[PDB]
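Asker: Got a sequence here, can you build the structure:
(chains A and B, ligands or ions: 4)
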There are 2 protein chains.
Amino acid sequence: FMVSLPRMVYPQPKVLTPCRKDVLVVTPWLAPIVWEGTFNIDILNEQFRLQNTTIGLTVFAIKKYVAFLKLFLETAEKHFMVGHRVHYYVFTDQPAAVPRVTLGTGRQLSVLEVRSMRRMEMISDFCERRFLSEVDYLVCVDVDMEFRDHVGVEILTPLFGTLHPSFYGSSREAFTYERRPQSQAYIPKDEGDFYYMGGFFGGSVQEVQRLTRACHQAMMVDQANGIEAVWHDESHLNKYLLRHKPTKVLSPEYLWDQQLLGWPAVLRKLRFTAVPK
Amino acid sequence: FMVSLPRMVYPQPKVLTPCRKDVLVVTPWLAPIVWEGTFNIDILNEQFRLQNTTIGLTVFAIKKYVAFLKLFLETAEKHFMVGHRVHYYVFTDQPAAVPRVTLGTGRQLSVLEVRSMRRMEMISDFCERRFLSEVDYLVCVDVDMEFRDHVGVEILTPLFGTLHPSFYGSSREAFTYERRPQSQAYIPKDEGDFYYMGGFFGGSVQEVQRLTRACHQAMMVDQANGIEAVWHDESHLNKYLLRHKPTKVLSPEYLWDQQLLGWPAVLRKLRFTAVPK
Ligand SMILES: O=c1ccn([C@@H]2O[C@H](COP(=O)(O)OP(=O)(O)C[C@H]3O[C@H](CO)[C@H](O)[C@H](O)[C@H]3O)[C@@H](O)[C@H]2O)c(=O)[nH]1
Ligand SMILES: O=c1ccn([C@@H]2O[C@H](COP(=O)(O)OP(=O)(O)C[C@H]3O[C@H](CO)[C@H](O)[C@H](O)[C@H]3O)[C@@H](O)[C@H]2O)c(=O)[nH]1
Ligand SMILES: [Mn+2]
Ligand SMILES: [Mn+2]
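Answerer: Numbering: from 1, shown residues only, chains lettered A, B, ... in the order given. Ligands and ions are numbered 1, 2, ... in the order given. The structure is reproduced below:
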């Protein structure tokens, strides 16, 4: 049950005035594509706080990648779901190398020791029960990253992917989908909506468990058949999201590499960005 | 659980090419606004058929308005949810005046005798149990209307309203909301997103029962306090949708009056239109 919003004073949306005329803001299956200027964060924050939403954020930091945790977490504290309940799940082979990061109120961090298929398997087959009890949404990201600007409840939806920053202007034939028919991740040259980045996806716990289970099973089939998809879990994520359309798509504001790609006019904000590795 | 879509060949959506640049296609709370050119009906039809979706359509035909049923129903057969399961619920004081309309396969009609608050009350407090057992979505419309073009699963969502054709270009101060603070339907001059038409709303059964229950209760409070909102159930619908944001908004393609308003360039299709009364 959803209680009523309170009175709010904000600018009237005008039907004969687009928020953005330079970009596609809705997919052909009626999923919003999230760009700056498309959302009123005050309305969305109200909606999600009234449900006491808890967001889980999974991140893997294995071997040398533990070095990325301090900046990742410190900048997540500045920019990720501020004001909402957050549970970080840090999967690592080196629990003692996890930095001690000071968290805002209503935020917690769990270190989960582990030791490819690991991310999809670990998210699905290992943590299924825990996530269902503890959070409403899961957000699953790469660690070699920093938050530079707001990443908030505008992303939340049953299932989302993120446009890979190298391919958002590309034709589908150029997408680096798995192209061998012998792989479960196979996508023909005449199929595909978008190329989604493996480093930022999420949704409700149920939909994320479905996605990660399916990708893990598909990767196991490929392993039994002696094939590894060209971009590993990202290839399988792309196959899944082709056949199970996401209910929002995040623009490349949400996964950018400034060193490689600069700061094009179409990006009003760079929210979550690559760190040199 | 949602099974995989089959392989489909369709044009690639291009992120740097909007579907429509002349209109707002997403609300500030990230709800699609449904216009022609924003959706691929083949993808949506697949998604909804894979769930074996059943759509209920409620219509009231009381006193002289029984005259409108033949055209309403015959044109619904041509244009409304064709290919999907449909259950019409015709509420009337004259069961014998309901015309015998030939239905396509997978479609059925029930005549419900009845004899203001009636529509909201009847939809909620009378048919709650039945609708939950029989349909997945409810669509609630005026009868003094005809279908001229496709009205399909692109509208389906947990909760939708429709932009009133007289006010889609208007500033909120001009909207004919109830303006007396003594009414439960009261909306101040500095609030409001859109003016929604009382003659076309819907959603999941649960969300429609919530809306109609709330509107009925609010109308009962007003009656006890000796006030009737300026536009009756439409005033209450507007108050509800201000405080409970719809998850899609239908453009005025979905509720038009050609005699009164012509055929503006911004409307590529006139789908559901007023009949002279
Ligand atoms: O030693 C490691 C290696 C990885 N990881 C973890 O895996 C994440 C992705 O790897 P990376 O960012 O290097 O690849 P990217 O080029 O940014 C990401 C892309 O390429 C990958 C392989 O290099 C995969 O194919 C992925 O699916 C694709 O998105 C990384 O952020 C770490 O959280 C770790 O903790 N320790
Ligand atoms: O004798 C009747 C009267 C009504 N009805 C039923 O009520 C529906 C709305 O009424 P109408 O279309 O005349 O008003 P509109 O001007 O098109 C619709 C608007 O004005 C209404 C009052 O006239 C309400 O305030 C409504 O909320 C608002 O949307 C009509 O389609 C019939 O299904 C019936 O069956 N028998
Ligand atoms: Mn990375
Ligand atoms: Mn009417």
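Asker: Burial check on the residue of the stretch 151-277 of chain A found nearest chain B, number of neighbours?
Answerer: The stretch 151-277 of chain A approaches chain B most closely through residue A:243 (4.0 Å), counting by CB to the nearest CB. From N, CA and C alone the C-beta is placed, and that goes for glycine too. Counted with other CB atoms under 10 Å in any protein chain shown, the neighbours of residue A:243 add up to 17.
Asker: how about the lengthiest helix in chain A as PDB, C-alpha atoms only?
Answerer: Assignment by DSSP state H gives helix A:205-224 as the longest helix of chain A. Coordinates of each C-alpha in helix A:205-224 appear next as PDB, following Å, rounded to 0.1, in the frame of the first residue of the first chain:
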ATOM      1  CA  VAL A 205      15.700  -8.500  -5.600                       C
ATOM      2  CA  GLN A 206      13.500 -10.900  -7.300                       C
ATOM      3  CA  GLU A 207      14.300  -9.700 -10.800                       C
ATOM      4  CA  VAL A 208      18.000  -9.500 -10.100                       C
ATOM      5  CA  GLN A 209      18.000 -13.000  -8.700                       C
ATOM      6  CA  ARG A 210      16.200 -14.100 -11.900                       C
ATOM      7  CA  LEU A 211      18.800 -12.400 -14.100                       C
ATOM      8  CA  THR A 212      21.800 -13.600 -12.300                       C
ATOM      9  CA  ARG A 213      20.500 -17.200 -12.100                       C
ATOM     10  CA  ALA A 214      19.800 -17.200 -15.800                       C
ATOM     11  CA  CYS A 215      23.200 -15.800 -16.700                       C
ATOM     12  CA  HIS A 216      25.000 -18.200 -14.300                       C
ATOM     13  CA  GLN A 217      23.100 -21.200 -15.900                       C
ATOM     14  CA  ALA A 218      23.900 -19.900 -19.400                       C
ATOM     15  CA  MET A 219      27.600 -19.500 -18.500                       C
ATOM     16  CA  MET A 220      27.600 -23.100 -17.100                       C
ATOM     17  CA  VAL A 221      26.200 -24.400 -20.400                       C
ATOM     18  CA  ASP A 222      28.900 -22.600 -22.300                       C
ATOM     19  CA  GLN A 223      31.600 -24.000 -20.100                       C
ATOM     20  CA  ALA A 224      30.300 -27.500 -20.600                       C
END
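Asker: Show me what it is packed against.
Answerer: helix A:118-124, helix A:128-134, strand A:137-141, strand A:159-162, strand A:200-204, helix A:233-243 (3 or more CB pairs under 8 Å, 6 or more residues apart in numbering or on different chains; DSSP states H and E).
Asker: And the residue of the stretch 151-277 of chain A closest to chain B, how close does it get to ligand 1?
Answerer: Computed with CB to the nearest ligand atom, to the nearest Å, the distance linking residue A:243 and ligand 1 is 18 Å.
Asker: I'd say that residue and residue B:5 touch.
Answerer: Yes - checked against CB atoms under 8 Å, the pair residue A:243 and residue B:5 is within contact range at 5.0 Å.
Asker: For the stretch 1-150 of chain A, which residue gets nearest to ligand 4?
Answerer: At 21.2 Å from ligand 4, residue A:15 is the closest residue in the stretch 1-150 of chain A, using CB to the ion.
Asker: no no, the stretch 151-277 of chain A
Answerer: residue A:247 (33.1 Å).
Asker: ok, residue A:163 - contacts?
Answerer: A:33, A:194-197, A:249-252, A:254-255, B:15 (CB atoms under 8 Å, 6 or more residues apart in numbering or on different chains).
Asker: would JSON lines of these with secondary structure and neighbour count be doable?
Answerer: As requested, the contacts of residue A:163 are exported to JSON lines (DSSP: H, G, I helix; E, B strand; the rest coil; neighbours: other CB atoms under 10 Å in any protein chain shown):
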{"residue": "A:33", "secondary structure": "strand", "neighbour count": "23"}
{"residue": "A:194", "secondary structure": "coil", "neighbour count": "25"}
{"residue": "A:195", "secondary structure": "coil", "neighbour count": "23"}
{"residue": "A:196", "secondary structure": "strand", "neighbour count": "26"}
{"residue": "A:197", "secondary structure": "coil", "neighbour count": "26"}
{"residue": "A:249", "secondary structure": "strand", "neighbour count": "29"}
{"residue": "A:250", "secondary structure": "strand", "neighbour count": "27"}
{"residue": "A:251", "secondary structure": "coil", "neighbour count": "26"}
{"residue": "A:252", "secondary structure": "helix", "neighbour count": "25"}
{"residue": "A:254", "secondary structure": "helix", "neighbour count": "25"}
{"residue": "A:255", "secondary structure": "coil", "neighbour count": "26"}
{"residue": "B:15", "secondary structure": "coil", "neighbour count": "22"}
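Asker: Pull out the buried positions in the longest helix of chain A.
Answerer: Within helix A:205-224, the residues that count as buried by 16 or more other CB atoms under 10 Å in any protein chain shown are A:205, A:207-219, A:222.
Asker: got it, and stretch A:91-103?
Answerer: Under 16+ other CB under 10 Å, the buried positions of stretch A:91-103 are A:91-92, A:94, A:98, A:101.
Asker: Next step: those restricted to helices.
Answerer: Short answer: the buried residues of stretch A:91-103 have none in helices (DSSP H).
Asker: any idea how far ligand 3 is from the residue nearest to residue A:76 when sequence neighbours are not counted?
Answerer: Excluding its sequence neighbours, the residue lying closest to residue A:76 (CB to CB, 6 or more residues apart in numbering or on different chains) is residue A:147, at 5.5 Å. According to CB to the ion, to the nearest Å, residue A:147 stands 14 Å off from ligand 3.
Asker: Would you report the backbone torsion angles of residue A:147?
Answerer: phi -90, psi 130 (degrees, to the nearest 10).
Asker: ok, it touching residue A:73?
Answerer: No - under the criterion of CB under 8 Å, residue A:147 makes no contact with residue A:73, lying 9.5 Å away.
Asker: about what we covered before: the longest helix of chain A and ligand 1, any residue contact?
Answerer: No - shown here: helix A:205-224 not in contact with ligand 1 (CB under 6 Å from any ligand atom), separated by at least 10.1 Å.
Asker: returning to that earlier point: what's near enough to touch the residue of the stretch 151-277 of chain A closest to ligand 4?
Answerer: Residue A:247 touches A:31, A:157-160, A:203, counting by CB under 8 Å, 6+ apart.
Asker: Roughly how far does it sit from residue B:160?
Answerer: Relative to residue B:160, residue A:247 is positioned 16 Å away (CB to CB, to the nearest Å).
Asker: what do you get for residue A:50?
Answerer: Distance, residue A:50 to residue B:160, using CB to CB: 20 Å.
Asker: same deal with residue A:59?
Answerer: From residue A:59 across to residue B:160, the span is 37 Å (CB to CB).
Asker: Who has more neighbours out of these two?
Answerer: Each of residue A:59 and residue B:160 has its neighbours counted (other CB under 10 Å); residue B:160 has more, 26 against 23.
Asker: Excluding chain neighbours, give the residue nearest to the more buried one in space.
Answerer: residue B:248 (4.5 Å).
Asker: count of residues packed around the one you found?
Answerer: Count around residue B:248 with other CB under 10 Å applied: 22.
Asker: my read: it touches residue B:30, true?
Answerer: No - taking CB under 8 Å as the definition, residue B:248 is not a contact partner of residue B:30, at 10.6 Å.
Asker: which bits of the stretch 51-200 of chain A sit near ligand 1?
Answerer: Residues of the stretch 51-200 of chain A lying near ligand 1 (CB under 6 Å from any ligand atom): A:60-63, A:65, A:142-144, A:197-199.
Asker: between residue A:147 and residue A:73, who's got more neighbours?
Answerer: Between residue A:147 and residue A:73, counted using other CB under 10 Å, the more crowded position is residue A:73 (25 against 21).
Asker: quick one: contacts for that one?
Answerer: A:88, A:99, A:101, A:109.
Asker: What distance do you get for the closest residue to ligand 2 within chain A to ligand 1?
Answerer: Closest residue of chain A to ligand 2, CB to the nearest ligand atom: residue A:15 (18.7 Å). Here residue A:15 is placed at a distance of 39 Å from ligand 1 (CB to the nearest ligand atom).
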